[PDB]
Structures are given as structure tokens and as C-alpha cells.
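Visitor: need a structure here:
(one chain, ligands or ions: 4)
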Amino acid sequence: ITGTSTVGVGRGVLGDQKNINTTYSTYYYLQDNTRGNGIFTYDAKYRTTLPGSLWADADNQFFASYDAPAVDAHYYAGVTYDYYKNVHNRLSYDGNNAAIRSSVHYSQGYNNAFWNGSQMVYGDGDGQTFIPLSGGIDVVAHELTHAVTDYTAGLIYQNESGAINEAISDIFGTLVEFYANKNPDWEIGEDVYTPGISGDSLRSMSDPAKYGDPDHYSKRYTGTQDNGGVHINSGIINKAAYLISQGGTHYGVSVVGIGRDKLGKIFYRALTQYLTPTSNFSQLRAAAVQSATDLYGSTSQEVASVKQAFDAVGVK
Ligand SMILES: [Ca+2]
Ligand SMILES: [Ca+2]
Ligand SMILES: [Ca+2]
Ligand SMILES: [Zn+2]
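Guide: Residues are numbered from 1 along each chain as shown. Ligands and ions are numbered 1, 2, ... in the order given. Please find the structure below.
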């Protein structure tokens with residue numbers, strides 16, 4: 001909508017207070033004009049028609065519990081925008097400042113979030129398995145990263161290329177969490193998963209096997225569930241990325257860690273310059289090796305670590 005840029009205040013899903021960029025025209029709308037062509041947050045109103053209504057508020061204060069998921073979806077989209085811009089010189093998901101749109105209160109008790117090809121969508125969870133999924137920055141950045149992948153490598157969402165797609169989202173999701181720097185970790189979705197159980201998460205990058213995901217190629221899932229195991233086999237690549245950043249010895253193979261920034265640089269380069277729709281894990285290794293060579297040189301520690309990490313997970 002046409003209006004003037006204003007600044008509201010509210011609380012997010014975890015009861016934390018934050019400022020949000022809004023637009024004023026009769027009502028205060030969840031419309032951030034300060035980033036690219038804007039960030040727009042909508043209310044799906046417990047239904048499944050998308051996007052629903054541009055979020056409108058009478059007084060520019062967002063402290064109702066109904067408000068909380070919207071506050072977080074909006075705020076975290078802005079953080080993710082800032083990460084891509086400041087860290088990788090990328091303007092929104094398409095690289096040309098495309099508008100970022102999110103819908104919250106999708107369906108009733110919906111325990112998931114997704115990119116639907118055009119926008120992000122977040123359920124409120126059932127209160128048992130999940131609370132409102134936009135409460136997790138790693139979740140928000142995970143979904144927005146799907147948009148990035150779609151516009152770049154375009155990895156097909158099935159089998160090995162699908163697992164790479166998923167891993168990229170977990171990786172950047174985590175890197176965004178580290179960038180905002182509020183109790184970051186290498187787990188996915190801990191902030192919004194199982195309110196009754198402390199210390200767990202949906203998936204682990206440091207130790208995929210904790211939640212029954214493979215951590216080595218020999219353990220790859222080859223069935224047809226989960227689009228041929230896109231959320232399962234991603235564990236193999238998640239583990240590799242973790243090793244590249246943090247180092248360690250895995251099934252007897254040692255990796256010298258090079259840190260999160262270099263990890264981000266190598267994978268961002270692979271994603272935008274080398275990966276294709278049909279890339280398999282082996283092609284990922286080659287893409288990451290070439291990225292590292294471009295950035296740091298053929299004989300660098302960075303190249304050696306990429307190689308070691310892929311070795312550790314049994315990807316040749
Ligand atoms: Ca209000
Ligand atoms: Ca996390
Ligand atoms: Ca929990
Ligand atoms: Zn995903």
C-alpha cells in the first residue's frame with residue numbers, strides 16, 4: 001500500500017520485545033519499506049487461501065499473542081535480507097530486490113512452514129510438537145533460502161539434488177542464526193520445537209544421527225518417502241558443512257576447521273556459480289572444491305578441508 005514509513009513495537013513468539021518497520025495509511029501495516037522493494041507480512045486467519053490479508057493494526061503496537069507470529073516473521077525476514085545483502089552482496093532472493101512476502105496463522109494447528117514458490121508460509125503449530133514456527137530465526141532463513149536456491153542452482157526437490165537443496169537451507173539458516181548472534185547453534189528449529197522438552201530440535205548439523213539422519217554416504221536413504229529422503233539425506237551434507245566450519249574427526253577422518261565465514265563464502269559461490277538442477281552429492285563435492293580454489297587457491301588449507309570433509313562423509 002501507499003503510505004509513510006513508521007516504526008512499530010511488539011513482542012515475538014518467545015516474548016521478546018522488538019521494533020518493526022511498518023507503513024501508515026489509515027492503519028499500520030506490516031510493510032517494511034527500508035529493505036529492497038519491501039517486506040510484506042499477511043494474515044492467513046487460520047485458513048489455507050494465500051496470501052490472505054496484508055497485516056493491519058490500529059495503533060502500531062503488536063503485543064497481542066495473536067500478533068506474535070507476525071512480529072517474528074516480519075522481523076526475521078528483515079534479518080535474513082540483511083545477511084544476504086551485507087554478507088554476500090545479494091539483494092533479496094532473486095538478486096534484484098524482489099518483495100519478500102510471508103503469511104502467518106496458516107491453517108489450524110499446522111506443524112510446518114514452507115516456501116510455496118512465491119512466498120513464505122508459517123503454521124502456528126499444535127502447541128505440543130511446535131509453537132508458531134516463525135519464532136525460529138533458523139526456520140525463517142531456511143524457508144527464504146529455498147527462494148534463493150530456486151532462483152540460482154534450482155536444485156530439483158527429489159533424491160540427491162533435493163537433499164542438497166535441503167542442506168543449503170539448513171546451512172544458511174544456521175549461518176543467519178549466527179549472524180543475528182542470539183544463542184546460536186548447529187541445530188535446526190530448537191526455538192519452536194516441543195515446548196515441553198528442553199534441549200532438543202528437529203535436526204542436528206553437528207550430529208545428524210542424534211535424530212536418526214545419516215552422517216555418511218554408506219547410510220543414505222534410497223526409498224521413496226520424503227521425496228526420496230530430502231530431509232534425511234541432507235544430514236550427510238549438513239555433517240560435511242559442519243566439519244568444514246568447525247573441524248573434527250569423523251569415522252577416523254580428520255578435518256581442519258576453517259570457520260563459518262569461509263564456509264558461507266564457499267557454499268554461496270558453489271550455489272550461485274556451479275550447482276545445477278540435477279547436481280548430485282559428487283557434483284556438490286566438485287562444486288565446493290572449485291569454489292574454494294577460486295577463493296583461496298589450489299593449494300590452500302580451505303581446499304584441503306573441503307576435500308577432507310567430503311572424505312569423512314564418504315562422498316567421492
Ligand atoms: Ca495493536
Ligand atoms: Ca538453530
Ligand atoms: Ca523443545
Ligand atoms: Zn526445507
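
Visitor: wait, is residue 7 part of a helix?
Guide: No. Read with DSSP: H, G, I helix; E, B strand; the rest coil, residue 7 is strand and lies in no helix.

Visitor: what's across from it in the sheet?
Guide: residue 21 (DSSP bridges).

Visitor: my read: it touches residue 19, true?
Guide: Yes. Residue 7 is within contact range of residue 19, at 5.5 Å (criterion: Cβ atoms under 8 Å). C-beta: built from backbone N, CA, C; applies to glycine.

Visitor: out of everything not next to it in sequence, what's closest to residue 101?
Guide: residue 119 (4.0 Å; Cβ to Cβ, 6 or more residues apart in numbering).

Visitor: And for residue 159?
Guide: Nearest residue to residue 159, sequence neighbours excluded (Cβ to Cβ, 6+ apart): residue 228, at 4.3 Å.

Visitor: what sits against the residue nearest to residue 101?
Guide: Going by Cβ atoms under 8 Å, 6 or more residues apart in numbering, residue 119 touches 50-51, 101-103.

Visitor: next structured bit after whichever strand or helix holds the residue nearest to residue 159?
Guide: Element membership for residue 228, per DSSP states H and E: helix 225-229. Counting by DSSP H and E, the next helix or strand C-terminal to helix 225-229 is helix 234-246.

Visitor: which element follows that following helix toward the C-terminus?
Guide: Downstream of helix 234-246, the first helix or strand assigned by DSSP H and E is strand 248-250.

Visitor: Note down every partner strand of that next one and its orientation.
Guide: strand 253-255 (antiparallel).

Visitor: residues near whichever residue of the stretch 151-300 of the chain sits closest to ligand 3, how many?
Guide: Proximity of the stretch 151-300 of the chain to ligand 3 (Cβ to the ion) peaks at residue 194, 3.6 Å away. Residue 194 has 17 neighbours, counted by other Cβ atoms under 10 Å.

Visitor: Verify the stated contact: it with residue 200.
Guide: Yes. Residue 194 lies in contact with residue 200 (Cβ under 8 Å); the separation is 5.8 Å.

Visitor: re earlier: in the helix holding residue 228, what counts as buried?
Guide: Neighbour-count burial for helix 225-229 flags 226-229 (criterion: 16 or more other Cβ atoms under 10 Å).

Visitor: what helix or strand does the most centrally placed residue in the chain sit in?
Guide: For the chain, residue 142 is the residue whose C-alpha lies nearest the centre (Cα atoms, centre = their mean; 1.5 Å). Using DSSP H and E, residue 142 falls within helix 137-151.

Visitor: and that helix, what does it pack onto?
Guide: Helices and strands touching helix 137-151, by 3 or more Cβ pairs under 8 Å, 6 or more residues apart in numbering; DSSP states H and E, are helix 68-88, strand 113-115, strand 120-122, helix 159-180, strand 187-188.

Visitor: In a markdown table, list those along with distance to ligand 3.
Guide: Formatted as a markdown table, the helices and strands packed on helix 137-151 follow (distance: least, Cβ to the ion, whole Å):
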| stretch | distance to ligand 3 |
| --- | --- |
| helix 68-88 | 17 |
| strand 113-115 | 16 |
| strand 120-122 | 18 |
| helix 159-180 | 16 |
| strand 187-188 | 10 |
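
Visitor: Sounds good, over and out.
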